[PDB]
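# quick one: experimental structure and sequence below.
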Amino acid sequence: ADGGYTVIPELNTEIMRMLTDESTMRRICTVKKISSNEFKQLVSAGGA
Amino acid sequence: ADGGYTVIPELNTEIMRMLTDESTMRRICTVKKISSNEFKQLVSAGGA
Amino acid sequence: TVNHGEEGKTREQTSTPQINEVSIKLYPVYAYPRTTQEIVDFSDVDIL
Amino acid sequence: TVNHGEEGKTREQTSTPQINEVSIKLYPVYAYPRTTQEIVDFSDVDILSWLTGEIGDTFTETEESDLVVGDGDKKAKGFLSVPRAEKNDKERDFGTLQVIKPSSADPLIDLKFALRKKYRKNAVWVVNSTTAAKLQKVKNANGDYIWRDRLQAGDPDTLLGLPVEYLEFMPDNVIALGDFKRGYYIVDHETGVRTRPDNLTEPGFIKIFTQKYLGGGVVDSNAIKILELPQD
Amino acid sequence: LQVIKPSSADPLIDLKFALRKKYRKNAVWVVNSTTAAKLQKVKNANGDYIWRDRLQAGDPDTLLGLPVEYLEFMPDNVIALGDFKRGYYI
Amino acid sequence: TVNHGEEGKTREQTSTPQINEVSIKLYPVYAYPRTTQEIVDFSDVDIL
Amino acid sequence: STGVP
């Protein structure tokens, strides 16, 4: 009442975002950038 | 939690003074700024 | 308040004035008329 | 959540990210020594400069005390005073910090991996002098010291590859680790510390008033972890 | 002074941490020759001497990172540590 | 000492820091060995 | 700080 409403809480504009896990898979695995729905890698299954 | 903390209430920095009024006494009556404890105005009764 | 102090009297504490909160919250007042594109195109009086 | 769901279907309405708010309240740490004007004049060491330096040292001490174990009653709530839980980051309430309650030097590693991968980069250990002595005293079952290299090297600068720091006002069997840049926000007012020599009210005395509006709160409660070693 | 009275070099660590962090920078150990032997005789529970490297090597340069000095005027079971530049004025 | 003072409560007097005197008295430590002049004269080594 | 030593 007596000058307490006066006190605005200074809220920080820039919200801190949770630090995500550094995009590990696309550093580790091979990444392909295709223009289609499917990527079809032909591999040798052996049996020769 | 769903983006409600972000919204801060914009406190109008000019507090509304409810009891404000232009002093009608100081307007209808004369105001003599003086430097003394007592002010002696001479008010001729008449009789001339 | 004021205590109308005298010449040679200890100046006592006066009551500090109070403040009140008026929490005026904004809300969406809207109208969502679905005009046909036909009228908006077929018109001389600007329907928009 | 990112709903992959059915590819050939109307895409569902995914839940929005949640937000929490930390109410770090400021409270005044103040010193009010009623020095006598006599000593100010009669001393030839500038006793007021010494007094202000002593008040600054005690202000650093009380700042550490509040920001470590400050209960919260009109003082900075230290991260150790904040309620604790043994649950993981996903399970814990945002208010509570994660705590490890063993009953050996194993738990420390658990504590470090209670943090996320990103916090470990800028993570710092906070250890009491008694608890640092205990950690150095925690011996291999062989008996040689596991933390410190030996009795020759000295105090090791890192506990788990992370710069260790010694807080005097921590409990006797409580240690903590976290990215305190994320984990704890000390908040000072723009006025800072405001010294005022009140040599007018009780003349013949110079009351040095000196107060600082200090505040402290656990921001990003996932960036601090606590380890309560056995009381012995 | 603060004295540590224990009931095997845990008391040395407690003694170093009894000093405030600032003192440890310029702190020095003082030991009697008998107490220095009692320190070098402190062993790992599997036998290898904790303080000194081995029997082949000589005396260690520092104790708990701080230089160690020998005062044979100390009693046979008293060890001390501190920033004597601060702690004691000759 | 520093009080964790609050808003309604007044600011009571905090205890000032105490200063201690260290009185390192200089005392004489002396040796007063009475050697005979005979030993001074007759010793092949410089006995003094 | 007072006249006390």
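Nice, thanks for sending it over. Numbers count the residues shown, from 1 in each chain, chains lettered A, B, ... in the order given.
# return the residue of chain C that is most distant from the centre.
Here chain C reaches farthest from its C-alpha mean at residue C:8, the gap being 47.3 Å by Cα atoms, centre = their mean.
# mind checking which helix or strand that one is in?
If you go by DSSP states H and E, residue C:8 is not part of any helix or strand.
# with residue C:29 instead?
Using DSSP H and E, residue C:29 sits in no helix or strand.
# any idea how far it lies from residue B:9?
Per Cβ to Cβ, to the nearest Å, residue C:29 is found 20 Å from residue B:9. Using the backbone N, CA and C atoms, a C-beta is placed for each residue, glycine as well.
# which one's more surrounded, the two?
residue B:9 (12 against 5; other Cβ atoms under 10 Å in any protein chain shown).
# so that one sits against residue C:23, correct?
Yes - with contact defined as Cβ atoms under 8 Å, residue B:9 and residue C:23 form a contacting pair (7.2 Å).
# go ahead and confirm residue C:11 touches residue C:5.
Yes - here residue C:11 reaches residue C:5: they are 5.1 Å apart, a contact under Cβ under 8 Å.
# so between the two, which is more surrounded?
Between residue C:11 and residue C:5, residue C:5 has the larger neighbour count (other Cβ under 10 Å), namely 11 against 8.
# that one contacts residue C:13, correct?
No - look at residue C:5 against residue C:13 with Cβ under 8 Å: they stay out of range, at 11.7 Å.
# helices of the chain, start to end?
Since you didn't name a chain, this refers to chain A. Ranges of helices within chain A are A:24-28, based on DSSP state H.
# oops, I was thinking of chain C
C:37-41.
# tell me, what residue is most central in it?
Short answer for chain C (Cα atoms, centre = their mean): residue C:24, at 5.8 Å.
# excluding chain neighbours, give the residue nearest to the closest residue to chain A within chain C in space.
Using Cβ to the nearest Cβ, the closest approach of chain C to chain A is made by residue C:21 at 4.7 Å. Spatial nearest neighbour of residue C:21, chain neighbours left out: residue A:5 (4.7 Å); criterion: Cβ to Cβ, 6 or more residues apart in numbering or on different chains.
# pretty sure the one you found contacts residue C:22?
No - Residue A:5 sits out of contact with residue C:22 when judged by Cβ under 8 Å, with a separation of 9.7 Å.
# pick out whichever of these two has more residues nearby.
Between residue A:5 and residue C:22, residue A:5 has the larger neighbour count (other Cβ under 10 Å), namely 15 against 7.
# the more buried one and residue C:30, how far apart?
Using Cβ to Cβ, residue A:5 is found at 31 Å from residue C:30.
# how about residue C:45?
From residue C:45 across to residue C:30, the span is 24 Å (Cβ to Cβ).
# picking that back up, state the distance from the residue nearest to the centre of chain C to chain G.
55 Å (Cβ to the nearest Cβ, to the nearest Å).
# which ones are touching that residue?
When contacts are counted by Cβ atoms under 8 Å, 6 or more residues apart in numbering or on different chains, residue C:24 touches no other residue.
# what's near enough to touch residue 1?
Going with chain A. With Cβ under 8 Å, 6+ apart, residue A:1 has these contacts: C:18-20.
# chain C was what I was after
Contact partners of residue C:1, counting by Cβ under 8 Å, 6+ apart, are C:14-15.
# between the two ends of stretch A:20-40, how far is it?
Terminal residues of stretch A:20-40 are spaced 31 Å apart (Cα to Cα, to the nearest Å).
# same question, stretch A:24-35
In stretch A:24-35, first residue to last residue: 23 Å (Cα to Cα).
# how about that stretch against chain D, any contact?
No - using Cβ under 8 Å from any Cβ of the partner chain, stretch A:24-35 stays clear of chain D, with a minimum separation of 8.6 Å.
# which residues touch that stretch?
Counting by Cβ under 8 Å, 6+ apart, residue A:39 sit against stretch A:24-35.
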